[PDB]
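**Student:**
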Amino acid sequence: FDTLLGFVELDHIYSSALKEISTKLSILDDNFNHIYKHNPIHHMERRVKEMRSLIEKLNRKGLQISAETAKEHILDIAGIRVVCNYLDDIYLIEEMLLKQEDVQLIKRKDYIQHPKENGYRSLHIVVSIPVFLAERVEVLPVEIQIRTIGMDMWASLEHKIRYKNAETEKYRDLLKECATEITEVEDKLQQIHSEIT
Amino acid sequence: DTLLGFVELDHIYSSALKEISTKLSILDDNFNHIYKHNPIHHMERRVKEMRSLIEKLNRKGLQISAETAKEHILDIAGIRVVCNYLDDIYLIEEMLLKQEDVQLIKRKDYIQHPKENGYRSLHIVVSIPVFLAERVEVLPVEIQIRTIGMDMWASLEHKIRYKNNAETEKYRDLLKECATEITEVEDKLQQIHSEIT
Amino acid sequence: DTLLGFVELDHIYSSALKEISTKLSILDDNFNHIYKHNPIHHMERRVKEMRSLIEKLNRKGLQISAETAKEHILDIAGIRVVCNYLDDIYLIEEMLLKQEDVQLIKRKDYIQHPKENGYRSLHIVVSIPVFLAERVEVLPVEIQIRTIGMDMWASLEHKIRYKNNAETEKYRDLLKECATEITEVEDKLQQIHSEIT
Amino acid sequence: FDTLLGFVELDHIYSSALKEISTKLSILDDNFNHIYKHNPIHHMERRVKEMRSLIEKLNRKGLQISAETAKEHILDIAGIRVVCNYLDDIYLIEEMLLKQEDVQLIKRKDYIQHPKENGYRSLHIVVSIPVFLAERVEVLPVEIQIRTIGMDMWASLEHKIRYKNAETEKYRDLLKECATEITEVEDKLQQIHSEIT
């Protein structure tokens, strides 16, 4: 059906958006290491929301179900997580990214500055990037989650408890202890690395 | 010190290659999504090694430094885009050059007018911005767009000149015949492919 | 349940493809280190999708399950090894089949004896052990070894049959001519390459 | 010089060795995730010792300097670090690897069972693997260091203090605190993950 075709196109163009941001981030990481001897980025992961998740979300909001609706109302269709070696790399990567001429900052939420009640810590920014296609240019939003390795280890276990669902409450306070415990050890590693660089 | 400049040159022109690769990969994928055909067969990136920069500077009587190479050699970074069919070459060019941040610097169409020795390729030098940690660099990249068959020829011819160049005269008439025979069969394959699409 | 078997089939035959890819990549690299020439131009792996397994099972009147497919279809996993020159094909075969953990199952040389329609490739089915988390599987893999030119032909011919197959008769005489013309030029390029090496 | 050639060959064949082990590990990781919903491996890194480090080491031992000497006396010429998500993945990966028919265990040292005085924790195993080359098979040793993410974060900062050299003593006891602090939080994450899987 015609409606179906748009969502296939949607997956493809947002994947291209991820390619654009990944290359910028890789170049930033690589040049920081060249000038300096430190790679701010440990690894990255990319994902594009599955069409079924998009329709569900659109259904939830009571909106007309098409790809054009999806673009307008869901801005983390494309997501990239940037896992950093040290806490200062997180803020630093953001500065290096957002000062680029063709990167527009759309939304920002700093769960490192303001941790979640559960203990989740990450830096969330939505940015827009031009994507040049065969016969047009698309300016597309991309959700970038920037975090430390420890933050990433915490968030993945928490996530694995939630979706797979009564266990979350059972582990809620102990996961908060780990989020606190992970924060503390990462600032000690941060301040040792700050001193020697 | 002089040597460091060339390491810097390699690094930043390699970053330029990543930027242009991503654009091309996105074009190829979008072209395929629209017309059910992948124009690009493969790509190969290369930065000219410092010894290839110096002899070219020497041949021009230029002072031997990375900044002189930067100013005077526009194929320091080169990417070969190998296409499945001859008409794909000109579609990749059109799709690339209409991007606002891609500027055409030089163009020479050895497909429209082959070299006497039989060589064919479309050469365009374009400029691309590279966003680094603490500065932006606009760098030229030489793009050689050719068919698979043109690439097989050029690789062998390139493998006649560099190793034991004296024989370049010995095979010149036979390599011209092969270039003609490759052209002939690629036009037949092009028109069979055009008819069914 | 039946569906799960096929997901398992895809996964383990994909692992077989990784094992054989690594062997071939190591052979290519070592051949290059000794003789200053890379025999392999590129490779493409593919697992036949479940719909391609079922119709083949149906065509044979076989019960529709992953275990029946496993027993009766030896090209579930296929890798195409595209070589730079015709003589490289037989050297890759010899180098691969002498490995103690590679067993030849089937061989058919369409280069020595092309198909009437013009197709050429060397087909060998080999078995490879795949070491999994909790068991070892010895799985067959169909390897199609061909030159770049053979690959261009087969891709177009393959693109005549599957989409709008009626025209397969229309282009049959013209595709035969192209296969002949590709053979002729690849033997000239082979002998120029052999002489300088 | 003739001696030089052997060391070039050495780098190449030990790199092939790394390719063989990487593929096995990737298949193990991927199959564990298929059967179970957990990827034991977070990431891997490969390195082959630089020729200058090999000569220095041979010089240190007062041995004749050739590639053949190097193979005999240096068994971590090829090294792969396997960074695991949880502490139990480390032991588990080892079991899955060493039960494979063509993997021979050569040496083992468990710094997780027995931490270093500084606080370093990792599992070190040297294994041998057949590498099939163009015209021979080589059974080559490979050093595999298996560790947790936290262990890897600890070890990299410690390493960055040592090579870059009076700072090591300054940070010695504080790095020991982090090694202890990292251990504690990783066993809490381990026991939460053990309970829900």
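Chains as they are written, first to last, in the working numbering: chain A, 26 to 222; chain B, 46 to 242; chain C, 46 to 242; chain D, 26 to 222.
No residue lacks a Cβ here, since even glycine has one placed at the ideal position from N, Cα and C.
#1: With a cut-off of 7 Å, does the C-beta of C128/C fall near any C-beta of chain B?
#2: How many angstroms separate the CA atom of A114/B from the CA atom of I188/B?
#3: Report the three-state DSSP secondary structure of residue 223/A (helix, strand or coil).
#4: If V230/C and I227/B are in contact, beta carbons under 8 Å, what's the gap, nearest whole angstrom?
#5: Could you give the DSSP three-state label for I115/D: helix, strand or coil?
#6: Applying the 10 Å Cβ sphere with the 16-neighbour rule, what's the burial state of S239/B?
#7: Please compile the residues from chain B whose C-beta is within a distance smaller than 8 Å of the C-beta of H87/C.
#8: Here's a check: name, in chain order, each residue in its chain whose Cβ is nearer than 6 Å to the Cβ of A224/B, leaving out the five neighbours to either side.
#9: Taking the alpha helix (DSSP H) that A114/B belongs to, which residues open and close that run?
#10: Going along chain C, which residues have a C-beta under 8 Å from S51/D?
#11: Is the shortest distance between the beta-carbon of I156/B and the beta-carbons of chain C less than 7 Å?
#12: Along the beta strand (DSSP E) that carries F32/A, what are the first and last residues, could you check?
#13: Tell me, please, which residues DSSP counts as bridged to residue 225/D.
#14: Pick helix, strand or coil for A103/A, following the three-state DSSP scheme.
#15: Taking a cut of 7 Å between CB atoms, which residues from the stretch 149 to 179 of chain B lie near chain A?
#16: Helix, strand or coil for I137/A per DSSP?
#17: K151/B bridges to which residues according to DSSP?
#18: Under three-state DSSP, which class holds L220/B?
#19: Name the chain C residues whose beta carbon is nearer than 7 Å to that of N209/B?
#20: With DSSP as the reference, label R91/B as helix, strand or coil.
#21: Could you check what DSSP says for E160/D in three-state terms: helix, strand or coil?
#22: Could you please tell me which residues of the stretch 110 to 121 of chain A, in chain order, have their CB closer than 7 Å to any CB of chain B?
#23: Give the interface partners of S41/D over in chain C, defined as CB-CB distance under 8 Å, in chain order.
#24: Does any C-beta atom of chain C lie closer than 7 Å to the C-beta of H59/D?
#25: In or out: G194/C buried (at least 16 other Cβ within 10 Å) or exposed?
#26: Go ahead and pull the three-state DSSP assignment for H82/B.
#27: If the criterion is Cβ atoms closer than 7 Å, does the pair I169/B and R152/B meet it?
#28: Counting only the same chain and skipping the five closest in sequence on each side, list residues whose C-beta sits under 6 Å from that of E97/A.
#29: Taking only beta-carbon atoms, is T48/A less than 7 Å away from chain B?
#30: Hey, would you say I217/D sits closer than 7 Å to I46/D, going by beta carbons?
#31: By the 10 Å Cβ neighbour count, where 16 or more other Cβ atoms means buried, how is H184/A classified, buried or exposed?
#32: Give me the DSSP bridge partner(s) of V167/A.
#33: Roughly how many angstroms separate the alpha carbons of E192/D and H63/A, rounded to a whole number?
#34: Spell out whether any CB of chain B is found under 7 Å from the CB atom of residue 244/C.
#35: Within 10 angstroms of its Cβ, does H68/D collect 16 or more other Cβ (buried), or is it exposed?
#36: Nearest chain D C-beta to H238/C closer than 7 Å, yes or no?
**Tutor:** So, from the data block:
#1: Your numbering for residue 128/C matches position 83 in the third sequence. With 7 Å as the cut-off, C128/C does not count as an interface residue toward chain B.
#2: Along the second sequence, one-based indexing puts residue 114/B at 69. Along the second sequence, one-based indexing puts residue 188/B at 143. If you take the alpha carbons of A114/B and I188/B, they lie about 18 Å apart.
#3: Absent from the structure is residue 223/A, since the part of chain A shown begins at 26 and ends at 222.
#4: Working through the third sequence from its first residue, we reach residue 230/C at position 185. Working through the second sequence from its first residue, we reach residue 227/B at position 182. Sure, about 6 Å apart at Cβ, within 8 Å.
#5: Residue numbering aside, residue 115/D sits at position 90 when the fourth sequence is read from its first letter. Here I115/D sits in helix by DSSP.
#6: In the second sequence, the residue the question calls residue 239/B occupies position 194. Burial call: exposed.
#7: Start at 1 with the first residue of the third sequence, and residue 87/C comes out as number 42. Result: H87.
#8: Numbered from its first residue, the second sequence carries residue 224/B at position 179. Result list for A224/B: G163, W198, in chain order.
#9: For the purposes of this step, residue 114/B is taken as residue 69 along the second sequence, with counting starting at 1. Where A114/B is concerned, the enclosing alpha helix (DSSP H) stretches over 111 to 117.
#10: As a working mapping, residue 51/D is identified with position 26 in the fourth sequence. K63, listed in chain order.
#11: As a position in the second sequence, residue 156/B is number 111, starting the count at 1. Closer than 7 Å: no.
#12: Start at 1 with the first residue of the first sequence, and residue 32/A comes out as number 7. From DSSP, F32/A is part of no beta strand (DSSP E) but of the alpha helix (DSSP H) over 27 to 60.
#13: Past the boundaries of the shown model lies residue 225/D; chain D is included only from 26 to 222, so the question cannot be answered.
#14: By one-based count along the first sequence, residue 103/A stands at place 78. It is a strand residue.
#15: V175, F176, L177, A178
#16: As a first step, residue 137/A must be located in the first sequence, where it is residue number 112. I137/A falls in the coil class under three-state DSSP.
#17: One-based indexing of the second sequence puts residue 151/B at position 106. The partner list for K151/B (beta bridge, DSSP) reads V170/B.
#18: Your numbering for residue 220/B matches position 175 in the second sequence. Looking at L220/B - three-state DSSP - the assignment turns out to be helix.
#19: As a working note, residue 209/B is residue 164 in the second sequence. Those within 7 Å of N209/B in chain C are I241.
#20: Residue mapping note: residue 91/B aligns to position 46 of the second sequence, counting from 1. In this structure, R91/B counts as strand in the three-state DSSP scheme.
#21: As a working note, residue 160/D is residue 135 in the fourth sequence. Residue state, collapsed to three classes: coil.
#22: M121
#23: For the purposes of this step, residue 41/D is taken as residue 16 along the fourth sequence, with counting starting at 1. Neighbours of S41/D on chain C, chain order: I71, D74, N75.
#24: Here residue 59/D refers to the residue found at position 34 of the fourth sequence. It does: the Cβ of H59/D has a partner Cβ on chain C nearer than 7 Å.
#25: Reading the third sequence from its first residue, position 149 is the one you call residue 194/C. Buried.
#26: Counting from 1 along the second sequence, the entry for residue 82/B is found at position 37. In this structure, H82/B counts as coil in the three-state DSSP scheme.
#27: Walking along the second sequence from the start, residue 169/B turns up at place 124. Walking along the second sequence from the start, residue 152/B turns up at place 107. Yes, these two residues count as a Cβ contact at 7 Å.
#28: Here residue 97/A corresponds to residue number 72 of the first sequence, with the count starting at 1. Around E97/A: no qualifying Cβ.
#29: In the first sequence, counting from the first residue as 1, residue 48/A sits at position 23. Output row for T48/A: interface = yes.
#30: Within the fourth sequence, the letter at position 192 stands for residue 217/D. Within the fourth sequence, the letter at position 21 stands for residue 46/D. Going by C-beta atoms, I217/D is not nearer than 7 Å to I46/D.
#31: In the first sequence, residue 184/A corresponds to position 159, counting from 1. So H184/A counts as exposed.
#32: Counting from 1 along the first sequence, the entry for residue 167/A is found at position 142. Note: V167/A sits in a beta bridge opposite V152/A.
#33: Looking up residue 192/D in the fourth sequence gives position 167. Looking up residue 63/A in the first sequence gives position 38. Their backbone Cα atoms lie some 18 Å apart in a straight line.
#34: Nothing about residue 244/C can be reported from this structure: the residues present for chain C run from 46 to 242 only.
#35: Along the fourth sequence, one-based indexing puts residue 68/D at 43. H68/D should be labelled exposed.
#36: For the purposes of this step, residue 238/C is taken as residue 193 along the third sequence, with counting starting at 1. Chain D, which has no Cβ nearer than 7 Å to the Cβ of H238/C, makes this no.
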